[PDB]
Structure formats: C-alpha cells, structure tokens
K.L.:
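Have a look at this one.
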Amino acid sequence: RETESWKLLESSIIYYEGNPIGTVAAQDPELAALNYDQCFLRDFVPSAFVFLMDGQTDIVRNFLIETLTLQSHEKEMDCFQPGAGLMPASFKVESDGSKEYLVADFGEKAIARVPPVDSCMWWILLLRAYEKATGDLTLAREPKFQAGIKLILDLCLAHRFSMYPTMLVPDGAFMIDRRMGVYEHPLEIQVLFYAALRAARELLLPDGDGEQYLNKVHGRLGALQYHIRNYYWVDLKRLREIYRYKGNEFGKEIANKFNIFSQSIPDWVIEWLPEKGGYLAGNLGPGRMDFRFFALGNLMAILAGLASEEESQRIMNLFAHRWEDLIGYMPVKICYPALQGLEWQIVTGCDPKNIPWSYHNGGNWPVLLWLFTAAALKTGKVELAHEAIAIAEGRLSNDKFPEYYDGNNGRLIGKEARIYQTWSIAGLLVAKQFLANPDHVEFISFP
Amino acid sequence: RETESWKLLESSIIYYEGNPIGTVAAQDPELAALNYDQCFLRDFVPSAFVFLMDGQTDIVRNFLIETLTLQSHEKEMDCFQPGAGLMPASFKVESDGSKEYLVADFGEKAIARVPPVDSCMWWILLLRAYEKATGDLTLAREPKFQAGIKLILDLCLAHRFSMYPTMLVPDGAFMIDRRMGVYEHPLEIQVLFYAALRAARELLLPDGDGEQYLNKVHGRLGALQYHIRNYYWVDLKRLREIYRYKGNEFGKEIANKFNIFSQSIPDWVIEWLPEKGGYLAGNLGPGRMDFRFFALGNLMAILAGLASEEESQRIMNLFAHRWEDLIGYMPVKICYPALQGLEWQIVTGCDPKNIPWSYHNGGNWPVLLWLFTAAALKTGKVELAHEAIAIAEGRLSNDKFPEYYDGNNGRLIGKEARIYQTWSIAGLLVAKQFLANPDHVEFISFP
Amino acid sequence: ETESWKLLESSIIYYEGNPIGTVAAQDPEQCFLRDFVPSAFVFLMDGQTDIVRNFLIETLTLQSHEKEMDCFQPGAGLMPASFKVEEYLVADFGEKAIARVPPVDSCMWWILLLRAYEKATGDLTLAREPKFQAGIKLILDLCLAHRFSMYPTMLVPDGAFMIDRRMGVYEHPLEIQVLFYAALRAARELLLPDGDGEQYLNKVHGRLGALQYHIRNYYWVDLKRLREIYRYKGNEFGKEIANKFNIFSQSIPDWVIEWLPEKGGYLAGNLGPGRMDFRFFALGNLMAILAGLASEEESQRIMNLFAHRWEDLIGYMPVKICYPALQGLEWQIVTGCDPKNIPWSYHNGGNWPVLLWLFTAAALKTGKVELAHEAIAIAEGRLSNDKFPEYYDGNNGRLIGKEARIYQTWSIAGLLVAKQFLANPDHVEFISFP
Ligand SMILES: OC[C@H]1O[C@@](CO)(O[C@H]2O[C@H](CO)[C@@H](O)[C@H](O)[C@H]2O)[C@@H](O)[C@@H]1O
Ligand SMILES: OC[C@H]1O[C@@](CO)(O[C@H]2O[C@H](CO)[C@@H](O)[C@H](O)[C@H]2O)[C@@H](O)[C@@H]1O
Ligand SMILES: OC[C@H]1O[C@@](CO)(O[C@H]2O[C@H](CO)[C@@H](O)[C@H](O)[C@H]2O)[C@@H](O)[C@@H]1O
C-alpha cells in the first residue's frame, strides 16, 4: 500500500539473517525499552494478517518456523521445567557482534513471571490462518510442526482435578498479562483454547498417534462448548434465574452448581443489560462468577463459532446498546466495568499500571478493532464496523497510534501508552482490509 | 480405651458388608445431614491414626481398599472426565434395600463443585502411615495399589504452563473447601503435594515404568522444596527485603520476580511477627503474595521436613509469641487474620458460612491439634503441646466436641458447627496418644 | 574514630583543593545545606573548622546568583536546597527541585550554622564581614516581609522545610516558625549595629517577641489547653474572643485525647484560619527546646511526652519525623496520592536517624540523660548493620525505609553528634541559646 500505516508497519519488521521474522511491539522513540523492543507472539498476529492479505507471506512463514524452534529450547527456572510445548511471550534478536541469535522470554524474564498461555494458542491459530491464506499445506504437516502442535495439545489437554472441560490458569495468563482477577477460568483462555482445538483438528495428520489426539480434541471441544454456552452465558433471563438461586445446594441434580450467592451479583449488570442483549461471562469457578464483560473473549467466541448464531447477535446487540461504554472515543474497551477503590487494591495488589479505566483495567485498546470488525461482518452488522473504524481513524494517526487509551470512554491517551504501537497500527489496517474483502475473515473464523 | 472419646469414635464407624470401612463426619442429632453423614477422606485420617495406634488396623486397610475402588469408578459431569486418579471428597453407604453399595462425591455433588485435591494426597499419606504402623508392605505393592498411586502422580506431576514446581488449583481445593482466596498456589496444597511425593518415593515398586516415576518424583521434590523455602518463607529479614523491592522489574536476574508491590504488604504482618519468628506464606503467584498464616500448611511443613530445622523452630516460636491469636481458647486457628468487610465480600463472594472469625475465615479447628502436637514434639516443644491439649480438654467434652469454634480467640462455639464432629474427637485422641508415645509421629513425619 | 568517622571523611566534597561540604549519600547506586549541618557539628567538635567556614562562604556566594523561572525575578535572599560541584558550583533553588518547593529552612540553617561556627571557634570576624552581614540582611528581608494577616508567623507553601513534599505542612508549619525564631535570635547577636544594621535589629526585635508569644500561646497543646479548645464556641466574632482561629471541636481527632499523658505536652504542627494540625512534629518541638522558644516547663513536658510515648516516637529507630501518619483517604487528599509518602513511610510518619542529634541535645538540655542514652543505644544497635539507611518505616520504625538511600550522611553524622554531645554536653551550646 501507499498509506502511512503500511509504511509504519514495514519499519516495525525485525530481520534475522537477512530474513523478515516478525515485528516490534512499538517504535516509540522516548519510552524505556523494557520489553517493547521484542516481538510478542500475540502482537504479531494482526501484523501477520496484514501481510497475508497483501500476499507477502514469507515473514509469517519465518515467524512460525522460528517460534517453533524457540519452543524446542530448554526453558527453566530453579531446576524446574514447564511442559516442552510452551511458547514464549516474546523474543528479540540479539547481536553479540558478528552473528545474530534469538533470545526468548518464556515467563522466566516476564514481569511477575506470568505464563504466556495464550501464546501457544495464537501460534496454532496463526498457523491455520497462514495455511488458509496461502493454500500451503506443507508447513503444518512437516514433522517438526506436527510435533510442535502435539506438545501444545499435551499441555492444553493435560488432566485436571476439576470436573470441568475448561482450562485452569494463574492470573495474567493472556492478553491481560498482569494481576487482574482473571485467574482460574478466564473467558479469553477458554475461547482461544476452543479455537485452537478446532484448528488442530484441521492441522493434524492422522498417521501415527494423531488419531488419538484427534479423538481427544473432538471430545474436549464438545464438552468445552457445552460448558461455556450453558454456564458462562449471561442475559436477563439467565440473570433472573441465577438471582433466584438458593445457596449451599448439595448433590448432582441442583440448579446452583457453583454455589453463587445472589447477594453477590453486582448491581451494575442488571441495569446494564438491554432486553435483547447478552454476553459470555468473564470467569467461572467455585463460588465465583465474574460478570465483567471481556471484549476479546466475547468477539473471538463469535469468530470461533463457540457462541451460537443468536448469541452472537445478542453480543453485537449489547455493543450497539452500550456503544459509549464499549467503544466510546476509541474501540475497543478491553473489559467493563473497571475495578475501583478497595476492589482495585485487593484484586490487583495495588497495581499502579492498572488503575481504574487504565490499560487492562477498563482501558480502550485500538488493536481489538480488528476482532470487532470481523465479528461485525460475521454477524451482518457492517454499519457498526464502519462507525468503529471511523472513530479510530479520527484519532490514531494524529495521536501517533498509541498502545491504549484511558478513561470511562477512552478520552485520554493511555497513562503509560507507547506510541507507534504496532498492533494498534495493524489492528486498523486489518479492520479496513476485512471491510474491503469480507472473505478474508475466514482466515480467523470457523464455520 | 475406656474413655468417653474412644466410645464416641467407635460409634462413628461405618460398616459395609459386615466390615468397618470408615467413620462419619459427625454424629450430630439435630443438624440437617447435608454431607456430614458421609465419610470424608481428609476427616478419616485422624481417626485412622487412632486405630493404627490402638492396633486395630482392618478399618484402615478396608478404607484404603474401598477408596481405591472408588477411584476406578467413572466420574463425570457433562461429557467430561477428570483424570482417572481423582479421589472423592467423601463417600457414604447406601442401602437400596437388601444389598449395600458405595456412592462417592468426586466434586460432581460437592457444593460449588470444589475439587478434592487434598483427598488423593491424604490417601497416599494414609497408605504410608498404614504401612509404617503395621509393617504390612503387601497392600501398597499390590498391582491395583501401585496403579492407583501412579494415577495420582500423573495428575500431580501433569505438565504446567507456569515456570514453577508448585501445583495449580482452583479456589477451595483443600481443607478449606469454599471460596476463600486460596486459589492458585495455596500453601496446604504445596505442602501435602510435597509430603505425598516423599511417600510415593517409599511406596513405589521399581519394576515396570516405576523407575521413570521415581525420577520424576525425586526431581519435583527438589524443585518444590527450593521454591517453597526461598519464596514462601516469611520473617522480618525477608519482609524488610520485599518491602524495599522495586516494582515492574523485567529480566531473569531480578530481585522482585513475582512483581510484588511493597505498598500492598499489609500493615498487620509487620507488627505481628516477633524478631525470632517466621512462617511459610499462604500463597504465591503473579503479582501476588498471601501473607495470611495458614496453620495446617505450616505445621505439616514441619512434619514433612519441608521447612528446615531452624525454620520449624521459628514457626513454633511464632505460635508461642502469638499464642492468643493462633491457639486462644481452642487450638488451632485455621488461618490468621480473618478476611473482613469489603475484602470478605470480594474474596468470598459474600459467603455467609465464612463471615469474619468463623469457620474457614479465621475460625478455630479442634482437629488441627493433632498436627500441632506432632510438630511441637518434633521441634522439642512438648510444653506447648501440653498447654494446647489442656485448653482443648477443658472445653470439648463439655461442648460435645464441636466441629469448629468462632471469634478472634475461639470464644464462641462455631456459628453452624456440627456437634460430635469425629475429627474433633479423633484430633484430641491422636494428640494425647502422640504425647504418650512420641515415636508414633513417625507415621506422619518424614526424616 | 570508628567506621562512621571514615564514611563521613569519604563523604567530604572538594572544590579547587578545599573541603566545602558533604554528599547526601554514598549509596553505591551533591551537598544539601540542611544535611550538612550535623556533619558540620562533628567537624567543629573535631577542630576541622575550615570545611565549615568554606561551606558558609561558598553557599553565601550561591545566594547572590541571579535566578528566574519564566521571566520572573524572585527575592535575592533565597538560598538553594542543595548544590553540586561541576570546575564550578551549580545550585538548585527549587528551580529544578521536584514540585518547585522553596528551601525556606536552608537559609535559616545557614544563619544557625554561622552562629554555631562562631561559638565553636570563637572567631567573631567571619559574621562581621560585609558579605556575611549582607547575606544575613537579605535572608531577613524575605523572612520579615510584610504580611496581609495578623499572624506574626511566617507564611509558606507546602513542602517548604525538611519535609519538602506536599504533606499538609503548608501555611504556618511549626518547624518553620521555630527555625524562624531561632534564626532571628541568632541574627540578634550576629548583626553589626551599623546605621543600616540598626534598622534590621529594630525589625528583629519587632517580630521576635510577637512570634514567641504567638507560638507559645496558640500552638501549645496539653490536656488543660485541649479541654479549653474542646469547649470553644464556634463562629465567634470580635477582638476579645477565646476561639480566635475558629477551631471546631468536633474536628479535634480522637487520638490526641488518649495520646497525651497527664504531664505531657507539645507544640502543635500548624495553625491558621479554621485550622489546628495536632500532629506531633519531632524537629519543630525539639528545636523549640534548644532555641529556648519553649519555656523550661514546656521543654520538660515535651520530654515527658517522649518518655510516655516512647514506642510511638522512638520505637525501633529514633526519631519519628511526625505522628501519626496520614492514612487512607486523608493520605490521598493531603499528599495527592504521593507514593513516596505512603502511611508510616518517609515524611508521612517514618523514623529518621538524623533527628537523634536533635533529640540528644534536647534531652541533655532538659536533664533527661537516660533518654539520650536509651535513644543512642537503640540507634547504635541497627544503623551500622543496616548500613545507615536514610530513613526507617512502619508504626515503630521496624522496616528499613522503602526507598531509603544507604550510607546517608546525616544518619551517620547524626549518631556521631549525638554520641559526642553525650560525651561532652557543653557542645550543645553550638545549637542552643543561653
Ligand atoms: O512481562 C509482561 C509485561 O509486558 C507488558 C508490557 O511490558 O505487556 C503488554 O505489552 C505487550 C506488548 O505489546 C502486549 O503483548 C501485552 O498484551 C500487554 O499487556 C506488561 O503489561 C506486562 O507486565
Ligand atoms: O461440598 C463441600 C462442603 O462440605 C463442607 C461441609 O458440608 O466441608 C466441611 O466439612 C467436611 C466434613 O467434616 C470437612 O472435610 C471440610 O474440611 C469442611 O470444610 C463445606 O465446608 C463445603 O461447602
Ligand atoms: O534523594 C534526594 C531527594 O530527596 C528529596 C525528596 O524528599 O529530599 C529528601 O532528601 C534530602 C537530601 O537528604 C533531604 O534534605 C530532604 O529533607 C529529604 O526530604 C529531594 O528534595 C531530593 O532531590
């Protein structure tokens, strides 16, 4: 392209041994580098989509290859190894002098040592997206790629103590990589887990032990989908039911299985839901239901076919009804509402980067526009995509594409936002491209 | 024995096909049965110790056998199975009419569907204790028992995403079986996990795939111990260090790895610790340190040899210094301090059974006296055991052996306490028996 | 001449081959005028007087520097909070200082130090020099600037002294009024009775009596006085009224009522329209004793307060800078959510080793030798092991300061001065008045 955004993305590209292998997190000139000079696996996904749609796919291929290689490297902290299948949160290229080499952060350098659980899932989704964009079936089939997928599946499908098909994680294990009360069974992890499973179903070779893998995958998918749809789904009708639940019920055949106390349901959600609206809850576990709306989880649930067609309609209906809360002056609010006061103190451990309506704690994130556009297109609500894109276009180039926006409605540029945040740039590009050729959404959606 | 307590325990015994296989949770006449007419695996352990020391060991043997059989039964909820190794929280004997049969609760009937993670660990510890009390090596070696242990190990040793040797659980996965902010990496789970591993090391046959199991076990133990001792351990010196930590540090070689913000350290702990005192923290995870003192975790850490000899001394030094907080009018407070106010609301989801200084939320639990006596004996602090026992003896028979006591110092009989709680009865019995023959502590301790 | 002596020697700054001051800290990782004071005292008692002389000379030169912020020229008398050697001298006058705080206490410490130098060396010549006499007059011009109000105290913005961050110590904080009083008394001796010098002396006499009266009568807090204020009627209008500053008793905090011992007493932290700050500030109260601003009875009462509330005010590390700490919402509102001054940390109720020298001096003057002994003992038990932290935190000072610099010079000099004061009490006359 000849646009400003195309050129900005082009300079983000990281080269290794004369080859493009990824993109930097940001091209901010004045902020301390911290880990933003690295290539984050989750960040790379919207950049990858841009390159796949342009038709220059070697950077995507090289990324997938190098990341797979990174997985093979021994990862350790104090004589203990995680599962071999773990993908790192990010990597950078280090020049010792002379020859180049790749250094990864698997969680052993990460702040608070958060595990990048979503990384390995995005890896699979990007592998699928590569395949569907290019038609190249050879990459995924190759021995090392097959083995790589299986290692990821081993970690995902690992046996639980719990009675539930969902996946258990520590706090800060996905896009929200800091302590945000998204421990246990956060929506985003479950939705990505579900999507990656469907992808693996397309990607795996039957020959070898794959048959057993595929049967595991098919089994988990059904259970996962049933559980998510029946227990996470929130609308007025279901809320009315939960609110009338009786506490401390014991036995197999009971209504309140997770022992939710109605007195704990927050006041804001009853007023917030429209009659024809609804969404997937943020979390579910013993005695706990997180009613916070999480944007990525809900939008990807539409794209992955996890939410039903009607349920997808009701999520979009919610976006329309509460446009100022979830889009406001910058698509898209990452979650709603913000944690405030003592709740912010207890749940985040007084994390100053996640003060109310900032960053993960109810900030607005430009990148999420690409998921929103795709979901809007999938649900036949093109007009919402136009409006969201229009709003983002009106401020991003002028604000130099900040990492995130703050405030109840995203009025403020993020407190500590990097400028020239690559996936803020890629996010808008992808959204416009989807809008131009809706079919491309099939790279990331499932029938 | 000819004592009142001996007879009370005797009537708790559950018979199945003319054989003793366990004990009821309570013999309370007026409370709704709920799940207290069942045999809880964790509850049975102190009863089992009484019977092992008396020398009537068939009930213990039958319990171990039947529980192992229960493990084999298909456990499911909505087309999803947990790992085969899962032990149930409790079982009861049901008379359809004519023939008897055993029905278990694996979490699918449990309130809030909490998983009984500690159950499978106690199963192994009781198996070891049986063996050491009786000298019978045949039970554990038998094919079905070996397989049973390995299934449990498969679940415990299952591969993580995290960089840590600790074990990840949902909230309410141990003795505290309700939502209490003990999700992620609660001390008790880690200590029991560590103890069960050492037991498995004694129990496993080398022949077969056992060699690989034993090497896994030996590997995990070292990592687990190092991690617990270095990161969970709290005293003035370490607290001074943590408080001076700088937030948001990135990289491998940093002091504040889990990104604890000093401003979040609670005010109470600085005043609470004596100079020569210390303890293992309640939890550790991304951006999170739980400074609450958990009694079972800390005492079992002494018995399991997890805490160092000095560290064990410093824990007991803490008990002595804060005797009124942790023992008060009834040994032993389950954890300190209580969650109060909005913290109680947010963390427990307004759980009315766990109001401040009640039940799990800072209540006093008679059963924990047996662990305290054993730890006191192991640390050469017999006098503390005498005093704790004296206090419990002064009220338990008169109060009809309540399940728990409430209040800052356990003045009140628990709000919803069952009377004739079996492990309240067994707990005192075990403590007196340990006191009479200190060597018996070797049934539950490790060198 | 222990390790502490070596660290202080190593702290010394040189400029063109001459010792001119000491660094704030030798933390493995400049000169603050207030920080230099306890160092100076050690040098004077050890006979190394030239470093103190040079400091007074060099800082005097800094005063005359033309400075401005945004096209505005302030009063000439201003002294910087700190300076650094770069060779040439460069000064921070609050121009580059965080929050643009004005170092009001700097110039008063300058005056008190000039006096101490003279008392220590018996050299009367330095202060008599025209440049020194001019320096003093410039400081007085600013201090004695005419006011709109009937208060003879000195008006300042927040964070204008040792506590140099926003801490609710704006308006008429004790420390400033006490240092103001002491500096005026020092100037009373130091000024030349020249034609010009006479007019300055007139203004000094004209403000000194009024200031002492105001502080003693309206800042003094004890049970008896507290009982009066608690019974004040609100919204009194007139010249002859009891509740002049219109204190509303329902706002008197519950802690002070139970805090005061029967024989205890202290100077309040602040006074102004509708405002009494009941917080205890250690430096203001201890210097009031030394400067002779508090009466003998009042000095004894303050020491009684220390003895009675030893855990609050001394605890693990002498001495708590102020009590009690702003907490919760109050901390939010009054400090503007200042992360360096969280409850029981730093300015907001931390414990500061340097204050030990003031406490020792005050205890010696009041005859409470035992309290000096115990205070010093507590400090000696920790400081070396902890590497002389800048400050300590917590209700009782158990924790080493959150962001404390190690090898903080006035923590080191503070202990030395205290020990040497204890060894020879006559030396307290450097910072005290007959
Ligand atoms: O160690 C995790 C650490 O990384 C951060 C930023 O340093 O993560 C943010 O930035 C990444 C790069 O764009 C994003 O991938 C991520 O989603 C975002 O949260 C911190 O938040 C976190 O402490
Ligand atoms: O479904 C779990 C449910 O069981 C309870 C009591 O019904 O657990 C308590 O009682 C058990 C029997 O003594 C103990 O093993 C357990 O430690 C104790 O918490 C409830 O607390 C819980 O909701
Ligand atoms: O570290 C120096 C830095 O700290 C500040 C902020 O409070 O001042 C503190 O340190 C000074 C030097 O020791 C003290 O004189 C002062 O009392 C203390 O508050 C800044 O002013 C300074 O740049």
Side-chain angles (χ1 to χ4, degrees), chain A residues 25-26 34-36 38-43 89-90 105 107 109-114 116 118-119 172 174-178 248 250 259 286-287 351 353-354 359-360 365 367 403-404 416 418 421-424, chain B residues 24-26 34-36 38-43 89-90 105 107 109-114 116 118-119 172 174-178 248 250 259 286-287 351 353-354 359-360 365 367 403-404 416 418 421-424, chain C residues 24-25 27 30 32-35 81-82 92 96-99 101 103 105-106 159 161-165 321 340-341 346-347 352 354 390-391 403 405 408-410:
Chain A
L34 191 58
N35 57 352
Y36 283 79
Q38 307 210 11
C39 175
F40 284 74
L41 275 62
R42 72 181 70 86
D43 291 38
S90 67
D105 171 17
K109 293 173 284 327
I111 304 169
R113 304 290 185 254
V114 288
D118 66 323
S119 277
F174 47 106
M175 175 172 170
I176 294 168
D177 62 347
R178 294 165 78 91
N248 301 309
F250 176 78
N259 200 22
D351 189 350
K353 194 168 191 196
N354 274 320
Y359 207 50
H360 302 141
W365 290 72
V367 60
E403 179 186 1
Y404 64 100
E416 289 177 72
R418 269 70 182 172
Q421 187 76 20
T422 312
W423 72 349
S424 304
Chain B
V24 295
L34 191 58
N35 57 352
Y36 283 79
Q38 307 210 11
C39 175
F40 284 74
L41 275 62
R42 72 181 70 86
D43 291 38
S90 67
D105 171 17
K109 293 173 284 327
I111 304 169
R113 304 290 185 254
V114 288
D118 66 323
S119 277
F174 47 106
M175 175 172 170
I176 294 168
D177 62 347
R178 294 165 78 91
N248 301 309
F250 176 78
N259 200 22
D351 189 350
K353 194 168 191 196
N354 274 320
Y359 207 50
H360 302 141
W365 290 72
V367 60
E403 179 186 1
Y404 64 100
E416 289 177 72
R418 269 70 182 172
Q421 187 76 20
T422 312
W423 72 349
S424 304
Chain C
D27 193 309
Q30 51 187 334
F32 275 80
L33 282 69
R34 74 175 68 76
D35 286 57
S82 66
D92 167 10
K96 311 152 185 168
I98 312 177
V101 288
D105 63 332
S106 291
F161 48 104
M162 178 178 170
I163 294 175
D164 54 357
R165 295 170 76 101
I321 188 167
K340 191 163 195 187
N341 273 331
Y346 207 48
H347 298 143
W352 294 63
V354 61
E390 178 186 8
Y391 66 100
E403 306 176 44
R405 259 77 172 179
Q408 185 77 23
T409 307
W410 69 351

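Ligands are counted one by one from 1 in listed order, and the atoms in each one are counted from 1 as well. Each chain gets a letter, A, B and so on, in the order the sequences are listed, and its residues count up from 1.
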K.L.:
Could you tell me whether B/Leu34 approaches ligand 2 through its side chain, its backbone, both or neither, with non-hydrogen atoms closer than 4.0 Å?
P.N.:
side chain
K.L.:
Any idea which atoms of ligand 1 are less than 4.0 Å away from a heavy-atom of A/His360?
P.N.:
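That gives atoms 19 (O), 21 (O) of ligand 1.
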K.L.:
Could you list the atoms of ligand 2 found under 4.0 angstrom from a heavy atom of B/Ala110?
P.N.:
1 (O)
K.L.:
Hey, does A/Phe40 come in under 3.5 Å of ligand 1, counting only N/O atoms on both sides?
P.N.:
no
K.L.:
In terms of residue, atom name and distance, what is the protein heavy atom nearest to atom 22 (C) of ligand 2?
P.N.:
B/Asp177 OD2, 3.1 Å
K.L.:
Which atom names give the shortest non-hydrogen contact between B/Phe250 and A/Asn35, and what distance separates them?
P.N.:
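B/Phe250 and A/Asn35 have their closest heavy atoms at CZ-CB, 3.6 Å.
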K.L.:
Write down the atom of C/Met162, the atom of C/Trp352, and the distance for their closest heavy-atom approach.
P.N.:
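Closest approach of C/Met162 to C/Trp352, heavy atoms only: CE-CE3, 3.4 Å.
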K.L.:
Is atom 3 (C) of ligand 3 close to the protein, meaning a heavy atom under 4.0 Å from it?
P.N.:
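So atom 3 (C) of ligand 3 lacks protein heavy-atom neighbours under 4.0 Å.
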K.L.:
Identify, for atom 14 (C) of ligand 2, the protein heavy atom at the shortest distance, and state residue, atom and that distance.
P.N.:
B/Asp43 OD1, 3.5 Å
K.L.:
Could you tell me whether C/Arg34 approaches ligand 3 through its side chain, its backbone, both or neither, with non-hydrogen atoms closer than 4.0 Å?
P.N.:
side chain
K.L.:
Which heavy atom of C/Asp92 sits nearest a heavy atom of C/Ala97, and at what distance?
P.N.:
OD1-N, 3.2 Å
K.L.:
Starting from atom 10 (O) of ligand 2, find the nearest protein heavy-atom neighbour and note its residue, name and distance.
P.N.:
B/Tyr36 OH, 3.3 Å
K.L.:
For A/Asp105 and ligand 1, does the shortest N/O to N/O distance drop below 3.5 Å?
P.N.:
no
K.L.:
Which pair of heavy atoms, one from B/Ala112 and one from A/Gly287, lies closest together, and at what distance?
P.N.:
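Residues B/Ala112 and A/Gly287, closest heavy atoms: CB-N, 3.6 Å.
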K.L.:
Could you check atom 23 (O) of ligand 2 against the protein and tell me its nearest heavy-atom contact, residue, atom and distance included?
P.N.:
B/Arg178 NH1, 2.9 Å
K.L.:
Please determine whether any non-hydrogen atom of A/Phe250 lies less than 4.0 Å from an atom of ligand 2.
P.N.:
no
K.L.:
Let me confirm one number: the CG-CZ distance from B/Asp118 to B/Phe40, rounded to the nearest 0.5 Å.
P.N.:
11.0 Å
K.L.:
Starting from the C-alpha separation in whole Å, work towards a yes-or-no answer on side-chain contact (heavy atoms from CB on, under 4.5 Å) for A/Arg178 and B/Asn248.
P.N.:
CA-CA 10 Å; A/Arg178 294 165 78 91; B/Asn248 301 309; 2.6 Å; yes
K.L.:
Among side-chain atoms of C/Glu390 and C/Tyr346, is any donor-acceptor pair under 3.5 angstrom?
P.N.:
yes
K.L.:
Side chain, backbone, both or neither: which applies to B/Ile111 and ligand 2 if a contact is any heavy-atom pair less than 4.0 Å apart?
P.N.:
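It is both parts that get close, each with some atom under 4.0 Å.
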K.L.:
Does an N or O from A/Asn35, backbone or side chain, lie closer than 3.5 Å to an N or O of ligand 1?
P.N.:
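Yes, at least one N or O pair falls under 3.5 Å.
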K.L.:
With a 4.0 Å cut-off on heavy atoms, does B/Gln421 reach ligand 2?
P.N.:
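A heavy atom of B/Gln421 does come that close to ligand 2.
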K.L.:
Compare every heavy atom of B/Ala89 with every heavy atom of B/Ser119, then report the nearest pair and how far apart it is.
P.N.:
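Here B/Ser119 and B/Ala89 meet closest at OG-CA, 3.7 Å.
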K.L.:
Can you tell me the protein heavy atom closest to atom 9 (C) of ligand 2 and the distance?
P.N.:
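Checking every protein heavy atom, the shortest distance to atom 9 (C) of ligand 2 gives B/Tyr359 OH, 3.0 Å.
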K.L.:
At their closest point, which heavy atom of B/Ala26 faces which heavy atom of B/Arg418, and how far apart are they?
P.N.:
CB-CB, 3.9 Å
K.L.:
Would you call B/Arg418 a ligand 2 contact, heavy-atom distance under 4.0 Å?
P.N.:
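No, that is not the case, since the closest heavy atom of the residue is not under 4.0 Å from the ligand.
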K.L.:
List the steps and the verdict of side-chain contact (heavy atoms from CB on, under 4.5 Å) for A/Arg113 and B/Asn259.
P.N.:
CA-CA 8 Å; A/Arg113 304 290 185 254; B/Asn259 200 22; over 6 Å; no
K.L.:
Can you tell me the protein heavy atom closest to atom 17 (O) of ligand 2 and the distance?
P.N.:
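So the nearest neighbour among protein heavy atoms is B/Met175 O, 3.0 Å.
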K.L.:
Taking C/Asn341 for its side chain and C/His347 for its backbone only, find out whether a donor-acceptor pair lies under 3.5 Å.
P.N.:
yes
